[PDB]
Structure formats: structure tokens, C-alpha cells
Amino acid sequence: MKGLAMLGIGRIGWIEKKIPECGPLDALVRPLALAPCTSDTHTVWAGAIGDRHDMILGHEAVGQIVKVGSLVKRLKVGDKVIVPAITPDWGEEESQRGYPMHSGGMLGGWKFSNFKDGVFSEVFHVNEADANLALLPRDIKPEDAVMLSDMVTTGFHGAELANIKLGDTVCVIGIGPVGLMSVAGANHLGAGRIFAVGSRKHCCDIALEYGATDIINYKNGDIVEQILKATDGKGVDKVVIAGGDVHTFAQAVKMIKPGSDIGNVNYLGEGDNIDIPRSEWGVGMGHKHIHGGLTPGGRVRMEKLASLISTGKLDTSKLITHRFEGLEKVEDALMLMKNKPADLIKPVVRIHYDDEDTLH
């Protein structure tokens, strides 16, 4: 089979690999819709999680089952599935301790395009498939559902980590697709006033459609002073960090009230240290809790989030700015995320099969 792979830090290329073996609990899956992620750009070109050889890239897919292991009981060949970016080993220590996304070690539930061949190939492998794949609801388009795999779950996790409460004033820093889903998540956790902070302008407007009330432009003054002015010096109740760099945490601490939460979901691609300012952190004692976490995954997470689409309560289509057909175009799509043109949010790649609707 063909797949698009990382060939050591700094290089991608198409390669041929055998089809993965399918153990008793596993499933093999062919992609129907795929998206590329900014995370793969940090991983390939910044070496942000270390070196990899012949690793198929990608971790956002809707797919169709082409094989199941002997002990798979909930899935059959031909089933269409939402594939979560995180596919935990559910019996590992960290899963039993409430952190399945770190199953087998830090970030270990994130397999696809972390250390496991991902979804940018003709067939890919899923561990604990009964546990890790949700059936695609008949009322959701494959491209809408591909946004669940990572963008919705990660953005929403930012808002979960920020411990957002009913009527909270929230600031979301970074308004790419994960940030837009952090705004939506905060809205769905009951935030009132929501400040969206972008480098851009263009897609801070879409943030208003997901529940943002106030847009803050970096290219204007210091965002902290802008935020303190808008709040009459009081600051915000909670902060989600969904973009930026290692220096964004200091801004969050400076704009937030004492007794609060900062929820980071940004994959930090470079920099030795994240600096937290001693004074504005209440000299160690301000209860400004700092969290940084990898998204949940598995079937239940996808099922719960999918219900928001099915019930008309979340529109993920707004994130899709560019559409391609054919497995080859995942290369083109990943290069867009590397080069970041103006009107880009997320590309999606659809793949057609002649037995798409008849495979069994």
C-alpha cells in the first residue's frame, strides 16, 4: 500500500508499506475523509516530539472497516467510522488512573502520527477497535465528522481544562481551528462574555459565530492591557490557550483573576521553558491553576461530541475552507498547513471508492 510518511525530521515522502497485520482486537480501516493538522508540521519540521522513520502521517479520519480481528464484536466490514486522533490502550496504568490519553506513557494514547503509522495511507490499523471507533451517524457528513477526530475534541478539551463555569468571562488565545472549537466549547460550557484573541482578523469574525462576544487583535496594543481595559481592570475568569507559543502563558496569568484556571491545548513546537511571571502568579499563591493536556479519544468521546452535530448544536462545516479529492492530495493539504495562506482554516480530502456503499 502507499502512504505519506515522515522520513526523518525534516522530510516527507510517499512510500510503500505492507498492509498492517490485524490482531484479534484490531481493525483495519480505509480512509473516506482526511484532514491534515498543524501538529504534523511541528512533528516533521521542528522535531518537536523526536525523530521518526517511515511513519505514516495524519490523525484525522473518517473511515470504513475493511477487516476486523476475531474478537471484535461491535464492528463489521463495511461499517463507516469516526476515527479519533487518540486511540488509547484502555487497560494500561494511566487509563485506570483516569488519563487514557497517556496510556503507556506521556502522550501514549496519541498513536497516529505521534509514533504509530497514521491515517494517510490506503489502509491503516486501529488497536482496541471496539473501544476506539464510533460508528458514523447517518445524519452527519463524513467531512463534518472528520473535525471531531481532533479539532472539536481538542478545542473542547481546552475549555474543559479551563474549568469554565456558567456565566464566566473567558479569553481564548489563538483562533485557528482548535481555537474556534475552544470558543465553541466555552460557549457550550456556559461562558457569557468570550474574548477571542487572534493574530488575524478574518477568522476572528467566525469566532463570533461560535459564541465569541469580543475580538482582540494582536496587531493592536498589548492584548493584556486591551483585556484589562475591557474588563475595567478586573480581568477574565478563565483562559484557554489554543495557539501562540511558550510566552502565551505569561499573558494568560496577567489577564486572569486570582482563583482561576488556564487550560492549554496548544502543542508547543519550540522553546526550552514556559515562563510564569512570579509576581502576577501571586508569588506562588494566587490559585491561578495551569493545565496543559492532550485530547481525550476513543469511541465514547466521539459519540458524545457527534451528538452535538446530530442535534444541530454544533456546526463543524464552518472550519472547512479547502476541499480536495484523492488520497494523493493529503500532501497538498499538509503543505497548506505548513505554509498557512490567509483564508485557510482546515482542508479536507475525500476519497472515493467504487464499493463505498456496498462493501461487506
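Heads up: residue numbers just count along the shown sequence, starting at 1.
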> 148-156 versus 268-276: which one carries the higher mean Cα B factor per the record?
Replying inline: 268-276
>> When the Cα temperature factors in the entry are averaged, is it 227-235 or 174-182 that ends up higher?
In response: 227-235
> With respect to the C-alpha temperature factors reported in the PDB entry, which of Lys111, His287, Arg193, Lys141 ranks highest?
Replying inline: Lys141
> Whose C-alpha has the highest temperature factor in the PDB entry: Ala131, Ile164, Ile216, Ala252?
Replying inline: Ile216
>> Ranking the modelled residues of this chain by C-alpha B-factor as given in the entry, is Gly326 in the lowest, middle or highest third?
In response: highest
>> Can you tell me whether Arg30 has a C-alpha B-factor in the lowest, middle or highest third compared with the other modelled residues of the same chain?
In response: middle
> Going by the entry, which third of its chain does the Cα temperature factor of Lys80 land in?
Replying inline: middle
> Once the chain's modelled residues are ordered by C-alpha B factor and cut into thirds, is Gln96 in the lowest, middle or highest one?
Replying inline: middle
> According to the PDB entry, is the CA B factor of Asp168 in the bottom, middle or top third of its chain, that is, lowest, middle or highest?
Replying inline: lowest
